[PDB]
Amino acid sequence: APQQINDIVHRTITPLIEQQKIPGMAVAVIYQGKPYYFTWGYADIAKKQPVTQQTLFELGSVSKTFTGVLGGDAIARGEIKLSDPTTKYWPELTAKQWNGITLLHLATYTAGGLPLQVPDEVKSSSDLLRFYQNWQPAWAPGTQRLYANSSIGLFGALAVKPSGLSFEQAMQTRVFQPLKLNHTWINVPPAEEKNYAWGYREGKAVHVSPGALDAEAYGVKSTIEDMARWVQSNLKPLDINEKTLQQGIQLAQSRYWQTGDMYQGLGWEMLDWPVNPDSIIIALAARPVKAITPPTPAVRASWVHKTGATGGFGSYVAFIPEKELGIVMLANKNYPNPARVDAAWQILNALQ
């Protein structure tokens, strides 16, 4: 643990935790490819359980990076193509609006305004079918980006259909296990409950609620050690032995669409490096997108990132491949995104 790293980390995080009233936090910095870990505060306030390197946090939308890489791995296996119509994998989707919507549109939030959330009343597979059949697009496919769990969540479900595996089995077998993410879960097993932090919302201890497409969009829980390993795998996919997984990582960091200074990958979002935090940083923001035709392969000089939240948790991951530099920040309070990005940029800027 070089003193430069200790110093910038603690000097940035301590006041963050103070200002944001975060009960507990874990941070990993990847510096020249090696991880360094830091923890503060409480995984469970009532039971006075500390955050440790083994504490599980809800990743929220950072889960989409796993879905994106799982989908990439499926493409690499020749199981699906991003150019395939959604109806190839769900022929029961017969409503006319689906003509022209591809798996690429689903993965990148460009299907034409699918909603941020699947409604709470949607539980069964028949309920879900009805939901997508009834949805009325605001826009033609591939014209506007609207961040949507109902969009990437559907991508996740369809992407695994040819494999025969459940989404959780595919993710375990094809992503978690190969990468040795042995403390990363869609469903937290009873044996690991001792390590599962409570989230805190308005001072109340909360965990994520079950929902349709939860696993695919927002349901991964993980430790700071596994998340550091996830960042290492994404910083250097070539060091991964499994050919289709290596390829899938690369596909998830390709640039499919541009809006402003940002490029949409599968799960991951990217900006050209160098970049200031103001350019890096609303319940709904509809943005016109330009297609990148054809998509740009993963650019090493990029700030690659994803913010994530559940009711009680706030996470952030960012890395720069050309510099072998990265950070994961996991907290059991959902605090504002700009504060996450500022802190990450401050740390990585100091080390870069």
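What we label the rigid core is the largest C-alpha set whose atoms superpose within 1.5 Å from one form to the other. The numbering used is simple: start at 1 and walk along the sequence shown.
Larger root-mean-square CA separation from the shown form, computed after a rigid core fit of the structures in 9 other deposited structures of this protein, is seen for 284-292 when 24-32 is set against 284-292. Superposing each structure in 9 other deposited structures of this protein on the rigid core shows that the farther-lying of 269-277 and 211-219, by root-mean-square Cα distance, is 269-277. Coordinates are given for every deposited residue between residue 165 and residue 166; the gap count there is zero.
Stretches 192-200 and 107-115 differ in mean C-alpha B factor, with the higher average recorded for 192-200. Once the C-alpha B-factors are averaged per stretch, 217-225 and 269-277 rank with 269-277 first. Looking at 153, 260, 248, 142, the one whose CA carries the top B-factor in the deposited record is 260.
Across 102, 264, 233, 126, the greatest Cα temperature factor reported in the deposited entry is at 126. Sort the modelled residues of the chain by CA B factor and residue 331 lands in the lowest third. When the modelled residues of the chain are ordered by C-alpha B-factor, residue 32 sits in the highest third. Ranked by Cα temperature factor within the chain, residue 290 sits in the middle third according to the deposited record.
Sorting the modelled residues of the chain by their CA temperature factor places residue 71 in the lowest third. Sorting the modelled residues of the chain by their CA temperature factor places residue 207 in the middle third.
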